[PDB]
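Heads up: the sequence shown is residues 8 to 140, going by this note's numbering.
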Amino acid sequence: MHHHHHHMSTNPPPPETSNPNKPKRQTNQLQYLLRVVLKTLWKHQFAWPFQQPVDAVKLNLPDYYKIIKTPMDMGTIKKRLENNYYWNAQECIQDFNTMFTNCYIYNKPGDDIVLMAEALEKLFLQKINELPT
Ligand SMILES: COc1cc2c(c(OC)c1OC)-c1ccc(OC)c(=O)cc1[C@@H](NC(C)=O)CC2
Ligand code: NA
């Protein structure tokens, strides 16, 4: 009997950050999203949980990828912006929104991680209010 000791929880492959066949553009709005929005958030004291995919093995979180089927993180967004993966700013904004929403879904309103996400989301909304027209 193995008693399933080998069936450990693993991480899914991370989201795609490069695809030569996807339509992409560099727009002024996307350049602002990299240079101002992403760079500002990256340096925030609460950014660290969001700078890479959730590692279910390190964090002992066998349920995470059962609940969250569209994961997103800022490391992925950074690589997408640097690799010019996006066609327009709304595609990138959607990724930020997914990242925040995932955190609110998985956790509960009083939790420290949710206060961290809310602080980042506040700063995100401040910065995209000045998105170039
Ligand atoms: C045992 O230590 C940690 C364990 C976890 C997390 C975490 O980062 C704050 C830890 O600190 C290193 C954690 C990480 C990221 C999350 O989303 C980005 C999340 O939704 C949720 C979490 C954690 N949830 C809570 C309520 O903080 C659970 C897993
Ligand atoms: Na929740």
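Note that beta-carbon positions come from the ideal geometry of N, C-alpha and C, so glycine has one too.
Between the alpha carbons of residue i and residue j, how many angstroms are there, rounded?
{"i": "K46", "j": "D70", "result": "31 angstroms"}
{"i": "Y92", "j": "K65", "result": "29 angstroms"}
{"i": "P30", "j": "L48", "result": "26 angstroms"}
{"i": "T34", "j": "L138", "result": "12 angstroms"}
{"i": "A54", "j": "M123", "result": "8 angstroms"}
{"i": "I100", "j": "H9", "result": "46 angstroms"}
{"i": "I84", "j": "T17", "result": "22 angstroms"}
{"i": "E128", "j": "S25", "result": "26 angstroms"}
{"i": "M15", "j": "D62", "result": "13 angstroms"}
{"i": "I75", "j": "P116", "result": "17 angstroms"}
{"i": "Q52", "j": "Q36", "result": "25 angstroms"}
{"i": "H12", "j": "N67", "result": "15 angstroms"}
{"i": "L40", "j": "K73", "result": "30 angstroms"}
{"i": "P21", "j": "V44", "result": "22 angstroms"}
{"i": "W94", "j": "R32", "result": "5 angstroms"}
Just reading off the alpha helix (DSSP H) that residue i is part of, what are its end residues?
{"i": "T83", "result": "81-89"}
{"i": "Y39", "result": "35-39"}
{"i": "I74", "result": "71-74"}
{"i": "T105", "result": "96-113"}
{"i": "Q133", "result": "119-135"}
{"i": "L66", "result": "Element bounds for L66: n/a, residue is neither H nor E."}
{"i": "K46", "result": "46-49"}
Count the other CB atoms, across all protein chains shown, that sit within 10 Å of the CB of residue i; report buried if there are 16 or more and exposed otherwise.
{"i": "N109", "result": "buried"}
{"i": "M106", "result": "buried"}
{"i": "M81", "result": "buried"}
{"i": "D102", "result": "buried"}
{"i": "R87", "result": "buried"}
{"i": "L132", "result": "exposed"}
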